[PDB]
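The form deposited in one PDB entry is given below as one chain in C-alpha cells.
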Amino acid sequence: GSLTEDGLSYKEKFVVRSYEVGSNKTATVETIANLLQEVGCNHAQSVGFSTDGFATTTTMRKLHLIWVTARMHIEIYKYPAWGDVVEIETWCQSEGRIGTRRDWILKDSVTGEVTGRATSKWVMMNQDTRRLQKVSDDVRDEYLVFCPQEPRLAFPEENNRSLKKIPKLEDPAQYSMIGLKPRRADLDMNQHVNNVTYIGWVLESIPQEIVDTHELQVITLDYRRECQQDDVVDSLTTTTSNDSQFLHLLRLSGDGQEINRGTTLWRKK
C-alpha cells in the first residue's frame, strides 16, 4: 500500500482469499468492510498516527478522545471473485465541528473499472465517559494537513442514499434472528466488538431465499450504542418495498435497547 503523489489519499491492493468468499465465489460484503477498515488503518499509519489509537492526534490522546463510527454506507456494483485483485483508494475530510468523514473507491485492478464505493461518518467521544463532543479547533487544525482542501466525495449526487434518515422498525418485525452473541474472533485489538460484526448481525435476519436469488447492492448502517462482549443481540428485518428493500434493527435481547438501525437494497440476480 502507499500514499498517492500528493499525500492526500492512500491506495492498497488485496488478493481475494478462499475463506473470504460466499456461494457465488465472490467476496462477501463483510470481507469488503474488513478491507475498507484495513486500508483506513494503513492510511492513518502512513501519515504518522500512532498504534495506541486509530487516527488519534496528539491533543486527542492528551484528552482521552477517540473517533467512533456513527454511520457506514457501502454500494457494490460487482463483488471481486476469489483470486482477483481489488484496488482500494481512501481519504479523509473534516466536516466542520460535527466530526470527520472517510471515503473509499473500489476498483478492479485489471480493468481499472469502479466496482464499489463507500463513505463513513465519525464522531469524537471521550474514551472513559463515552460522552460525544464537537471537534475543537486545535484537533481540526492537527488533521487538516492530511485532508484535501476542496471537497472530494465518493457520493457526490445532490440527494444521495448515503445521507438519508433511517426510521425505527416497529414491532412486529417480518423476520428475526434472536440470541446473537459475539465470540473472541468478533473482537478487535482493544477487546471491543469489530464494526463489521454488526453488519453480519444485521444481515442474519435476511431470509436465505433472498440471499440465494438476489445480490446485495447497498447497505446503510447507523451505530447508536455498543454491544459489549457479554451482551446478546436480536436482529429484526421488515421488507419496505426487480429490487427488494429492507428496514433493519439490532437491539439488546433483554431490555430491547437499540444498538443499530439500517437499510439494505438488493437486486434480482
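Note that the rigid core is defined as the largest set of C-alphas that superpose within 1.5 Å between two forms. Only residues modelled in both forms are compared. Numbering starts at 1 and follows the sequence shown.
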Practice task
Indicate yes or no: is residue 201 absent from the model in at least a third of the other PDB entries of this protein that were compared?
Solution key: no
Problem - residue 223 left out of the model in a third or more of other PDB entries - result: no
Problem - Deposited but uncoordinated residues in the residue 241/residue 242 interval - result: 10 or more
Exercise for the section: Determine, for stretches 98-106 and 157-165, which one has the higher mean CA B-factor as deposited. Expected result: 157-165
Fill in the blank from the handout: Ranked by mean Cα B-factor in the entry, 141-149 and 112-120, top stretch is 141-149
Exercise for the section: Among 26, 228, 205, 46, single out the one with the highest C-alpha B factor in the record, please. Expected result: 228
Completion exercise
Top Cα B-factor in this entry, restricted to 218, 60, 39, 33, sits on 60
Problem - Chain-wide C-alpha B factor ranking for residue 211, given as lowest, middle or highest third - result: highest
Fill in the blank from the handout: Chain thirds by Cα B factor, record data; residue 174 belongs to the middle
Problem - Third of the chain's Cα B-factor distribution that residue 130 belongs to, per the entry - result: highest
Problem - residue 258 CA temperature factor, ranked by third within the chain - result: middle
Problem - residue 54 - Cα temperature factor, lowest/middle/highest third of chain - result: highest
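Just so it is clear, the following notes concern the form solved in complex with a small molecule, a form of the same protein that is not shown.
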Handout entry: 4.5 Å heavy atom contact, residue 117 and the small molecule in the entry with it bound
Key = no
Problem - Touches the small molecule in the entry with it bound: residue 63 (any heavy atom, 4.5 Å) - result: no
Practice task
Considering only heavy atoms, tell me if residue 55 and the small molecule come within 4.5 Å of each other in the entry with it bound.
Solution key: yes
Exercise for the section: Examine residue 169 and determine whether its closest non-hydrogen atom to the small molecule in the entry with it bound is within 4.5 angstroms. Expected result: no
Exercise for the section: Compare the position of the CA of residue 53 between the shown form and the other one after a rigid core fit and state whether the shift reaches 2 Å. Expected result: yes
Exercise for the section: Pin down for me whether the residue 60-residue 53 Cα distance shrinks or grows in the entry with it bound relative to this form (closer or farther, change of 3 Å or more). Expected result: farther
Fill in the blank from the handout: Core-superposed, runs of 3+ residues with CA shift of 2 Å or more between the shown form and the other one span 53-55
